[PDB]
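Student: Next input, structure requested:
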Amino acid sequence: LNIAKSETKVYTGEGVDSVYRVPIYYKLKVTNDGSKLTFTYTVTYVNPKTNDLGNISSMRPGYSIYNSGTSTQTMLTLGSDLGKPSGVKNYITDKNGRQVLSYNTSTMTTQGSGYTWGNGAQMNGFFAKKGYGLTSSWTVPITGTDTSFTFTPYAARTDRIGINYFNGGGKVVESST
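Tutor: Residues are numbered from 1 along each chain as shown. The relevant structure is shown in the block below.
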């Protein structure tokens, strides 16, 4: 009878930055308000469990990472009753998730069985070392019952896009078929 107006899940996972041999993390927040899903995806060196930045004091200021692959990998697959994703806003967030500055909005394209985006933003080392994250957000219309999706996190240094620091592992899978 009294159904929730919205439901939000937060997922986190972790990989390894190959260059500095430190953990790197992601957070994916997904809110369903009945009309759309809102996705907020952050890659950061701050452990979301503790809000403590790992020791990256030796990271060079001009080192830089992407949070999205090319058609190096599908990032997002969507169930049958989800529409076309919006533009993907990109921005730097501080340790508490507050926006620091905004970058170009990316456009999602297919495929293969899903979507990726281009004009992908990046985060330089001097921001990473302040505990900042590289954050992308988008919405997806809900058109029916099958609101399943899978999301595959990605992070790579900008001169080696073929090496995903999350190594295809911590995939987010939401049912139901």
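Student: And the helices in the chain?
Tutor: All helices of the chain, identified by DSSP state H, fall at 125-128.
Student: and the residue nearest the centre of it, what does it touch?
Tutor: In the chain, the residue lying closest to the centroid (C-alpha atoms, centre = their mean) is residue 41, at 3.0 Å. By C-beta atoms under 8 Å, 6 or more residues apart in numbering, the residues touching residue 41 are 26-29, 67, 135-137, 151, 153. (Each C-beta comes from the backbone N, C-alpha and C, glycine too.)
Student: try it again with 10 Å
Tutor: By C-beta atoms under 10 Å, 6 or more residues apart in numbering, the residues touching residue 41 are 11, 26-30, 67-68, 75-76, 88, 90, 133-138, 151, 153-154, 172.
Student: Over to residue 170?
Tutor: Contacts for residue 170 (C-beta under 10 Å, 6+ apart) come out as 11-15, 25-26, 28, 151-153.
Student: can you do 6 Å?
Tutor: Counting by C-beta atoms under 6 Å, 6 or more residues apart in numbering, residue 170 makes contact with residue 13.
Student: thinking residue 46 is in contact with residue 54, fair?
Tutor: No: the pair residue 46 / residue 54 is not scored as a contact, 7.6 Å apart, by C-beta atoms under 6 Å.
Student: Could you check which of these two is surrounded by more residues?
Tutor: With neighbours defined as other C-beta atoms under 10 Å, residue 46 and residue 54 compare such that residue 46 has more, 24 against 19.
Student: The more buried one and residue 133: what is the separation?
Tutor: With distances taken as C-beta to C-beta, to the nearest Å, residue 46 is found 7 Å from residue 133.
Student: What of residue 126?
Tutor: To residue 133, residue 126 is 14 Å away according to C-beta to C-beta.
Student: Between those two, point out the one with more neighbours.
Tutor: Neighbours of residue 126 and residue 133, each counted by other C-beta under 10 Å, are more numerous for residue 133; the result is 25 against 14.
Student: Tell me the bridge partners for the residue nearest to the centre of the chain.
Tutor: Beta-bridge pairing of residue 41 under DSSP bridges involves residue 28, residue 136.
Student: How many residues are close by residue 98?
Tutor: 7.
Student: Likewise for residue 115?
Tutor: Counted with other C-beta under 10 Å, residues neighbouring residue 115 total 19.
Student: and what of residue 152?
Tutor: Residue 152, neighbours per other C-beta under 10 Å, totals 20.
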